[PDB]
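Structure first, commentary second.
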Amino acid sequence: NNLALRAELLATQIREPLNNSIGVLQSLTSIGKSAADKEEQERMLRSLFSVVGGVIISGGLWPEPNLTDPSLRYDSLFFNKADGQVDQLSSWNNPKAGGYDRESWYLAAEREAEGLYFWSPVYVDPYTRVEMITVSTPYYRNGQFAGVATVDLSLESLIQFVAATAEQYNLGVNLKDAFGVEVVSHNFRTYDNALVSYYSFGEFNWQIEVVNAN
Ligand SMILES: [Cl-]
């Protein structure tokens, strides 16, 4: 057959939500690095999450906190794509609740070099309750680290996309993340010396194993 070719075609599709998330992150960092005030940034972030599609379901800006008046310490700008409307959530900003600067996806990007991207483990967002993977990156202002930008990928949407694509190409696929978690497993099994095509998106990035479907 043409297993290796179809496996590359599948990998190219699996790459789309990855590329898509990076692109949205770059828009977020543009907004964070800009001179826009907070109401203007909220406006642009709402518009951004209104226009993005695919598996992107939520995300936003996470300024370095000022740990005062309790309501002032945290001023995250976090947006969730619900009917089809976009909601801004304030849930991370009450100090009593712990704040956001100790979260894995914040810490991974904190004070890192602009232009580096970090992938969170799978988790259920404690406030939107959506199971997701998060890509994060730092943004800077005046040379000084200013905060973290995030984009959340819906796991459910990613699974449906990867599995539907594999099925169209008459493939089975297992996709694992940088923590070894099985993100998607669609019609994947090995017996009678079936060939497996392996493709790595990076040493600590996603991995796929691909078989022909019968
Ligand atoms: Cl699955």
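Here's how to read the names in the structure tokens: chain A, B, ... by the order shown, residue numbers from 1 in each chain, ligand numbers from 1 in the order shown.
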
Distance limit 12 Å, reference ligand 1, atoms considered: only C-alpha atoms and all ligand atoms. Which residues make the cut? Give them as a list in words.
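My answer, listing the contacting residues, is residues 155, 156, 157, 158, 159, 160, 161, 162, 163, 164, 172, 173, 174, 175, 176, 181, 182, 183, 184, 185, 186, 187 and 188 of chain A.
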
Surrounding residues of residue 22 in chain A excluding itself and chain neighbours under 2 positions, 9 Å, only C-alpha atoms, as a ChimeraX atom specification
/A:17-20,24-27,117,135-136,151

Put those residues in a file: N, CA, C and O atoms, as an mmCIF file, in the first residue's frame.
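Writing the result to selection.cif gives the following:
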```cif
data_model
loop_
_atom_site.group_PDB
_atom_site.id
_atom_site.type_symbol
_atom_site.label_atom_id
_atom_site.label_comp_id
_atom_site.auth_asym_id
_atom_site.auth_seq_id
_atom_site.Cartn_x
_atom_site.Cartn_y
_atom_site.Cartn_z
ATOM 1 N N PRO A 17 -4.223 21.920 14.105
ATOM 2 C CA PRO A 17 -4.574 22.548 15.391
ATOM 3 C C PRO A 17 -3.360 23.056 16.138
ATOM 4 O O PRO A 17 -3.456 24.063 16.847
ATOM 5 N N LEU A 18 -2.215 22.389 15.990
ATOM 6 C CA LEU A 18 -0.980 22.886 16.583
ATOM 7 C C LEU A 18 -0.610 24.245 16.001
ATOM 8 O O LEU A 18 -0.417 25.221 16.737
ATOM 9 N N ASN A 19 -0.476 24.313 14.670
ATOM 10 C CA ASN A 19 -0.161 25.580 14.018
ATOM 11 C C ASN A 19 -1.188 26.640 14.378
ATOM 12 O O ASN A 19 -0.849 27.817 14.563
ATOM 13 N N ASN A 20 -2.458 26.237 14.438
ATOM 14 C CA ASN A 20 -3.533 27.184 14.704
ATOM 15 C C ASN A 20 -3.368 27.811 16.071
ATOM 16 O O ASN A 20 -3.521 29.028 16.233
ATOM 17 N N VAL A 24 -2.781 31.864 17.105
ATOM 18 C CA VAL A 24 -3.593 32.636 18.035
ATOM 19 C C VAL A 24 -2.724 33.173 19.160
ATOM 20 O O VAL A 24 -2.880 34.321 19.591
ATOM 21 N N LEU A 25 -1.788 32.355 19.647
ATOM 22 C CA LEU A 25 -0.881 32.826 20.684
ATOM 23 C C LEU A 25 -0.105 34.052 20.234
ATOM 24 O O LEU A 25 0.155 34.957 21.027
ATOM 25 N N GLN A 26 0.326 34.080 18.978
ATOM 26 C CA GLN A 26 1.059 35.242 18.493
ATOM 27 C C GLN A 26 0.174 36.483 18.510
ATOM 28 O O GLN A 26 0.628 37.576 18.861
ATOM 29 N N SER A 27 -1.110 36.333 18.191
ATOM 30 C CA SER A 27 -2.010 37.480 18.290
ATOM 31 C C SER A 27 -2.171 37.919 19.738
ATOM 32 O O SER A 27 -2.186 39.119 20.040
ATOM 33 N N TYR A 117 7.259 28.147 23.096
ATOM 34 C CA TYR A 117 5.904 27.674 23.387
ATOM 35 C C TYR A 117 5.976 26.482 24.327
ATOM 36 O O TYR A 117 6.922 25.693 24.273
ATOM 37 N N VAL A 135 -1.484 25.625 25.443
ATOM 38 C CA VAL A 135 -0.212 26.126 24.941
ATOM 39 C C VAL A 135 -0.021 27.529 25.500
ATOM 40 O O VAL A 135 -0.929 28.365 25.436
ATOM 41 N N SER A 136 1.156 27.787 26.048
ATOM 42 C CA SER A 136 1.427 29.069 26.671
ATOM 43 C C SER A 136 2.767 29.614 26.199
ATOM 44 O O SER A 136 3.620 28.876 25.699
ATOM 45 N N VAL A 151 -3.559 29.606 25.039
ATOM 46 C CA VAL A 151 -4.658 29.135 24.206
ATOM 47 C C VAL A 151 -4.967 27.708 24.642
ATOM 48 O O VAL A 151 -4.054 26.902 24.822
#
```

Mind the document's chain letters and residue numbers, and return as a list in words the residues of range 83-132 of chain A that DSSP labels strand (DSSP E).
residues 86, 87, 88, 89, 118, 119, 123, 124, 131 and 132 of chain A

Which is closest to residue 42 in chain A among A:3, A:15, A:87, A:95, if we use only C-alpha atoms?
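When distances to residue 42 in chain A are compared using only C-alpha atoms, the smallest one comes from A:87.
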
What lies within 10 Å of residue 177 in chain A using only C-alpha atoms, ignoring chain neighbours under 2 positions off, as a ChimeraX atom specification?
/A:119-122,133,175,179-184,201,204-208

Within 8 Å of residue 74 in chain A, counting only C-alpha atoms, which residues show up once you throw out same-chain ones fewer than 6 positions away? Write them as a list in words, please.
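Here the qualifying residues turn out to be residues 63, 65, 66, 67, 92, 93, 94, 95, 99 and 100 of chain A.
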
Find the residues around residue 137 in chain A up to 9 Å (only C-alpha atoms counted), leave out those fewer than 6 positions away in its own chain, and share them as an MDAnalysis selection string.
chainID A and resid 25:26 29 105:106 108:110 112:118 147:150

So that I have them on file, write out the residues from the current selection with N, CA and C atoms, as a CSV table (one decimal), in the first residue's frame.
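In the end it all went to selection-v8.csv:
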```
chain,number,residue,atom,x,y,z
A,25,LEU,N,-1.8,32.4,19.6
A,25,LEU,CA,-0.9,32.8,20.7
A,25,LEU,C,-0.1,34.1,20.2
A,26,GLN,N,0.3,34.1,19.0
A,26,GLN,CA,1.1,35.2,18.5
A,26,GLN,C,0.2,36.5,18.5
A,29,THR,N,0.0,37.6,22.1
A,29,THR,CA,1.2,38.3,22.6
A,29,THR,C,1.3,39.7,22.0
A,105,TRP,N,0.9,25.8,33.5
A,105,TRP,CA,1.0,26.4,32.2
A,105,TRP,C,1.5,27.9,32.3
A,106,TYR,N,1.3,28.5,33.5
A,106,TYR,CA,1.9,29.8,33.8
A,106,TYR,C,3.4,29.6,34.0
A,108,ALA,N,5.5,27.3,33.3
A,108,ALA,CA,6.3,26.8,32.2
A,108,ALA,C,6.8,28.0,31.3
A,109,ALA,N,6.0,29.0,31.2
A,109,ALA,CA,6.3,30.2,30.3
A,109,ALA,C,7.0,31.3,31.1
A,110,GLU,N,6.9,31.3,32.4
A,110,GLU,CA,7.3,32.4,33.2
A,110,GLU,C,8.7,32.8,33.0
A,112,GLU,N,10.5,33.0,30.5
A,112,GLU,CA,11.2,32.3,29.4
A,112,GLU,C,11.3,33.3,28.3
A,113,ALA,N,12.1,32.9,27.3
A,113,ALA,CA,12.4,33.7,26.1
A,113,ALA,C,11.2,33.9,25.3
A,114,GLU,N,10.9,35.1,24.9
A,114,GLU,CA,9.8,35.3,23.9
A,114,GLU,C,10.0,34.4,22.7
A,115,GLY,N,8.9,33.9,22.2
A,115,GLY,CA,8.9,33.0,21.1
A,115,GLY,C,9.1,31.5,21.4
A,116,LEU,N,9.2,31.1,22.6
A,116,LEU,CA,9.1,29.7,23.0
A,116,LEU,C,7.7,29.4,23.4
A,117,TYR,N,7.3,28.1,23.1
A,117,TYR,CA,5.9,27.7,23.4
A,117,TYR,C,6.0,26.5,24.3
A,118,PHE,N,5.0,26.4,25.2
A,118,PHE,CA,5.0,25.3,26.2
A,118,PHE,C,3.6,24.7,26.2
A,147,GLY,N,3.9,38.8,31.5
A,147,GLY,CA,2.9,37.9,31.7
A,147,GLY,C,3.0,36.7,30.8
A,148,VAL,N,1.9,35.9,30.9
A,148,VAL,CA,1.8,34.7,30.0
A,148,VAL,C,0.6,34.8,29.2
A,149,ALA,N,0.7,34.3,28.0
A,149,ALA,CA,-0.5,34.2,27.1
A,149,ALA,C,-0.8,32.7,26.9
A,150,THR,N,-2.1,32.3,26.9
A,150,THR,CA,-2.5,30.9,26.7
A,150,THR,C,-3.6,30.8,25.7
```

For range 19-101 of chain A against range 128-132 of chain A, with a cut-off of 9 Å and counting only C-alpha atoms, what is the closest atom pair and its distance in Å to one decimal for every residue that makes the cut, ordered by chain and number, as a tab-separated table?
```
residue	atom	partner	partner_atom	distance
A:57	CA	A:130	CA	8.6
A:58	CA	A:128	CA	8.8
A:80	CA	A:128	CA	7.3
A:89	CA	A:128	CA	8.8
```

Show which residues sit within 12 Å of residue 31 in chain A, as number ranges by chain. Count only C-alpha atoms, and ignore same-chain residues fewer than 2 positions away.
A: 24-29, 33-48, 60-63, 77, 139-141, 146-149

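Between CA of residue 127 in chain A and CA of residue 73 in chain A lies a distance of 19.0 Å.
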
Between A:88, A:190, A:170, A:30, which has the minimum distance to residue 209 in chain A (counting only C-alpha atoms)?
A:190

Interatomic distance (Å, one decimal) between CA of residue 16 in chain A and CA of residue 107 in chain A
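Taking CA of residue 16 in chain A and CA of residue 107 in chain A, their separation equals 25.8 Å.
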
Which of range 5-201 of chain A fall in helix (DSSP H, G or I), as a tab-separated table (two decimals) with N, CA and C atoms, in the first residue's frame:
```tsv
chain	number	residue	atom	x	y	z
A	5	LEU	N	3.00	7.32	3.07
A	5	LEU	CA	2.41	8.53	2.49
A	5	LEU	C	1.14	8.94	3.22
A	6	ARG	N	0.23	7.99	3.43
A	6	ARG	CA	-1.00	8.34	4.12
A	6	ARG	C	-0.72	8.79	5.55
A	7	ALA	N	0.30	8.22	6.18
A	7	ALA	CA	0.65	8.64	7.53
A	7	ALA	C	1.15	10.07	7.55
A	8	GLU	N	1.89	10.49	6.52
A	8	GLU	CA	2.31	11.89	6.44
A	8	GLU	C	1.12	12.79	6.18
A	9	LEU	N	0.20	12.37	5.31
A	9	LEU	CA	-1.02	13.15	5.09
A	9	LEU	C	-1.78	13.33	6.39
A	10	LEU	N	-1.89	12.27	7.18
A	10	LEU	CA	-2.55	12.38	8.48
A	10	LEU	C	-1.79	13.33	9.39
A	11	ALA	N	-0.46	13.20	9.44
A	11	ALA	CA	0.33	14.06	10.31
A	11	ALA	C	0.15	15.52	9.95
A	12	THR	N	0.04	15.81	8.65
A	12	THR	CA	-0.15	17.19	8.21
A	12	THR	C	-1.45	17.76	8.74
A	13	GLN	N	-2.48	16.93	8.81
A	13	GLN	CA	-3.74	17.39	9.39
A	13	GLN	C	-3.62	17.54	10.90
A	14	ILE	N	-2.98	16.58	11.57
A	14	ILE	CA	-2.81	16.69	13.02
A	14	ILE	C	-2.05	17.95	13.37
A	15	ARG	N	-1.16	18.40	12.48
A	15	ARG	CA	-0.40	19.62	12.69
A	15	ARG	C	-1.26	20.88	12.65
A	16	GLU	N	-2.41	20.84	11.99
A	16	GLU	CA	-3.20	22.06	11.84
A	16	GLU	C	-3.60	22.65	13.18
A	17	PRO	N	-4.22	21.92	14.10
A	17	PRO	CA	-4.57	22.55	15.39
A	17	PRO	C	-3.36	23.06	16.14
A	18	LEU	N	-2.21	22.39	15.99
A	18	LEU	CA	-0.98	22.89	16.58
A	18	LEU	C	-0.61	24.25	16.00
A	19	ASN	N	-0.48	24.31	14.67
A	19	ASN	CA	-0.16	25.58	14.02
A	19	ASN	C	-1.19	26.64	14.38
A	20	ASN	N	-2.46	26.24	14.44
A	20	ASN	CA	-3.53	27.18	14.70
A	20	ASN	C	-3.37	27.81	16.07
A	21	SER	N	-3.05	26.99	17.06
A	21	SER	CA	-2.88	27.48	18.42
A	21	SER	C	-1.71	28.44	18.51
A	22	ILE	N	-0.60	28.12	17.84
A	22	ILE	CA	0.55	29.01	17.83
A	22	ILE	C	0.16	30.35	17.22
A	23	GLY	N	-0.62	30.32	16.14
A	23	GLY	CA	-1.00	31.57	15.49
A	23	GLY	C	-1.82	32.45	16.40
A	24	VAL	N	-2.78	31.86	17.10
A	24	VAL	CA	-3.59	32.64	18.04
A	24	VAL	C	-2.72	33.17	19.16
A	25	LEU	N	-1.79	32.35	19.65
A	25	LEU	CA	-0.88	32.83	20.68
A	25	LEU	C	-0.10	34.05	20.23
A	26	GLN	N	0.33	34.08	18.98
A	26	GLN	CA	1.06	35.24	18.49
A	26	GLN	C	0.17	36.48	18.51
A	27	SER	N	-1.11	36.33	18.19
A	27	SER	CA	-2.01	37.48	18.29
A	27	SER	C	-2.17	37.92	19.74
A	28	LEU	N	-2.28	36.96	20.65
A	28	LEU	CA	-2.38	37.32	22.06
A	28	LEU	C	-1.15	38.08	22.52
A	29	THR	N	0.04	37.61	22.13
A	29	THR	CA	1.24	38.31	22.57
A	29	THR	C	1.31	39.70	21.98
A	30	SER	N	0.81	39.88	20.76
A	30	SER	CA	0.75	41.22	20.17
A	30	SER	C	-0.09	42.14	21.03
A	31	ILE	N	-1.25	41.66	21.46
A	31	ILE	CA	-2.14	42.45	22.30
A	31	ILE	C	-1.48	42.75	23.64
A	32	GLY	N	-0.83	41.75	24.23
A	32	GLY	CA	-0.20	41.96	25.52
A	32	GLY	C	0.97	42.91	25.47
A	33	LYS	N	1.74	42.88	24.38
A	33	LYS	CA	2.90	43.75	24.25
A	33	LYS	C	2.53	45.18	23.88
A	38	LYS	N	-6.68	48.25	29.41
A	38	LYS	CA	-7.24	46.95	29.80
A	38	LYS	C	-8.59	46.71	29.15
A	39	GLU	N	-9.42	47.75	29.07
A	39	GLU	CA	-10.71	47.64	28.39
A	39	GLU	C	-10.53	47.41	26.90
A	40	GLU	N	-9.53	48.05	26.30
A	40	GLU	CA	-9.23	47.82	24.89
A	40	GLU	C	-8.72	46.41	24.66
A	41	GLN	N	-7.84	45.92	25.55
A	41	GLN	CA	-7.36	44.55	25.43
A	41	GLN	C	-8.49	43.56	25.57
A	42	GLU	N	-9.39	43.78	26.53
A	42	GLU	CA	-10.56	42.90	26.67
A	42	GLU	C	-11.34	42.86	25.36
A	43	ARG	N	-11.58	44.04	24.77
A	43	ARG	CA	-12.29	44.10	23.50
A	43	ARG	C	-11.60	43.25	22.44
A	44	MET	N	-10.28	43.39	22.32
A	44	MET	CA	-9.61	42.69	21.24
A	44	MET	C	-9.56	41.20	21.51
A	45	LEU	N	-9.42	40.81	22.78
A	45	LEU	CA	-9.39	39.39	23.11
A	45	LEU	C	-10.74	38.74	22.87
A	46	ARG	N	-11.83	39.44	23.20
A	46	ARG	CA	-13.15	38.92	22.88
A	46	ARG	C	-13.31	38.72	21.38
A	47	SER	N	-12.90	39.71	20.59
A	47	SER	CA	-12.99	39.57	19.14
A	47	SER	C	-12.12	38.42	18.66
A	48	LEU	N	-10.90	38.32	19.18
A	48	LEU	CA	-10.01	37.24	18.77
A	48	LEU	C	-10.65	35.89	19.02
A	49	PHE	N	-11.16	35.66	20.23
A	49	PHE	CA	-11.73	34.35	20.47
A	49	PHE	C	-13.06	34.17	19.75
A	50	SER	N	-13.68	35.26	19.32
A	50	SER	CA	-14.89	35.12	18.51
A	50	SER	C	-14.56	34.61	17.11
A	51	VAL	N	-13.41	35.00	16.56
A	51	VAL	CA	-13.11	34.65	15.18
A	51	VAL	C	-12.33	33.34	15.06
A	70	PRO	N	-7.30	43.54	47.76
A	70	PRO	CA	-7.39	42.16	47.22
A	70	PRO	C	-7.82	42.07	45.76
A	71	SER	N	-8.76	42.91	45.32
A	71	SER	CA	-9.24	42.81	43.95
A	71	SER	C	-8.19	43.21	42.91
A	72	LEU	N	-7.07	43.80	43.33
A	72	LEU	CA	-6.08	44.36	42.41
A	72	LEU	C	-4.96	43.39	42.04
A	91	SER	N	-12.90	34.33	37.24
A	91	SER	CA	-12.78	33.34	38.31
A	91	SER	C	-11.37	33.25	38.87
A	92	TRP	N	-10.35	33.49	38.06
A	92	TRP	CA	-8.99	33.37	38.57
A	92	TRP	C	-8.54	34.57	39.39
A	93	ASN	N	-9.33	35.64	39.47
A	93	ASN	CA	-8.80	36.89	39.99
A	93	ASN	C	-9.16	37.19	41.45
A	95	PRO	N	-8.18	36.82	45.13
A	95	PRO	CA	-6.99	36.29	45.79
A	95	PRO	C	-7.30	35.11	46.68
A	96	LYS	N	-8.49	35.06	47.28
A	96	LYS	CA	-8.78	33.97	48.19
A	96	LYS	C	-8.61	32.62	47.51
A	97	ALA	N	-8.73	32.58	46.19
A	97	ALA	CA	-8.78	31.33	45.45
A	97	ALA	C	-7.41	30.79	45.09
A	104	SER	N	0.75	25.17	36.25
A	104	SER	CA	1.78	24.58	35.42
A	104	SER	C	1.98	25.36	34.13
A	105	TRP	N	0.88	25.77	33.49
A	105	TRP	CA	0.97	26.45	32.21
A	105	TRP	C	1.48	27.88	32.34
A	106	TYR	N	1.32	28.50	33.51
A	106	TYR	CA	1.93	29.80	33.77
A	106	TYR	C	3.42	29.63	34.05
A	107	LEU	N	3.75	28.74	34.98
A	107	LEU	CA	5.13	28.54	35.38
A	107	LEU	C	6.01	28.11	34.21
A	108	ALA	N	5.49	27.27	33.32
A	108	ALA	CA	6.29	26.81	32.19
A	108	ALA	C	6.79	27.98	31.34
A	109	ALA	N	5.98	29.03	31.19
A	109	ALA	CA	6.33	30.16	30.34
A	109	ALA	C	6.95	31.32	31.10
A	155	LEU	N	-9.97	18.98	24.18
A	155	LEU	CA	-9.59	17.60	23.91
A	155	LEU	C	-10.66	16.89	23.10
A	156	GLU	N	-11.93	17.12	23.46
A	156	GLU	CA	-13.01	16.48	22.73
A	156	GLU	C	-12.97	16.86	21.26
A	157	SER	N	-12.73	18.14	20.97
A	157	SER	CA	-12.70	18.56	19.58
A	157	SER	C	-11.49	17.98	18.86
A	158	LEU	N	-10.35	17.92	19.55
A	158	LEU	CA	-9.15	17.37	18.93
A	158	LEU	C	-9.33	15.89	18.59
A	159	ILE	N	-9.90	15.12	19.53
A	159	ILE	CA	-10.14	13.70	19.32
A	159	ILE	C	-11.02	13.48	18.10
A	160	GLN	N	-12.11	14.26	18.01
A	160	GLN	CA	-13.04	14.09	16.90
A	160	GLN	C	-12.36	14.39	15.57
A	161	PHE	N	-11.52	15.42	15.55
A	161	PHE	CA	-10.84	15.81	14.33
A	161	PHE	C	-9.82	14.76	13.91
A	162	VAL	N	-8.96	14.35	14.83
A	162	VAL	CA	-7.92	13.38	14.50
A	162	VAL	C	-8.56	12.06	14.09
A	163	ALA	N	-9.56	11.60	14.85
A	163	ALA	CA	-10.18	10.32	14.53
A	163	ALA	C	-10.92	10.38	13.20
A	164	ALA	N	-11.68	11.45	12.95
A	164	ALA	CA	-12.38	11.56	11.68
A	164	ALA	C	-11.39	11.57	10.52
A	165	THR	N	-10.27	12.26	10.69
A	165	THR	CA	-9.30	12.36	9.60
A	165	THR	C	-8.66	11.01	9.34
A	166	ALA	N	-8.23	10.33	10.41
A	166	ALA	CA	-7.67	8.99	10.26
A	166	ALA	C	-8.65	8.08	9.54
A	167	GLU	N	-9.93	8.12	9.93
A	167	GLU	CA	-10.92	7.25	9.30
A	167	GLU	C	-11.04	7.51	7.80
A	168	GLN	N	-11.04	8.78	7.40
A	168	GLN	CA	-11.14	9.11	5.98
A	168	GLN	C	-9.97	8.54	5.20
```

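Using only C-alpha atoms for every distance, the candidate list A:101, A:154, A:134, A:90 yields A:154 as the residue closest to residue 55 in chain A.
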
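Between residue 211 in chain A and the candidates A:76, A:125, A:2, A:53, the tightest atom-to-atom separation, counting only C-alpha atoms, involves A:2.
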
So what do you get for CA of residue 178 in chain A versus CA of residue 212 in chain A, distance-wise?
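Value for the CA of residue 178 in chain A-CA of residue 212 in chain A distance: 24.4 Å.
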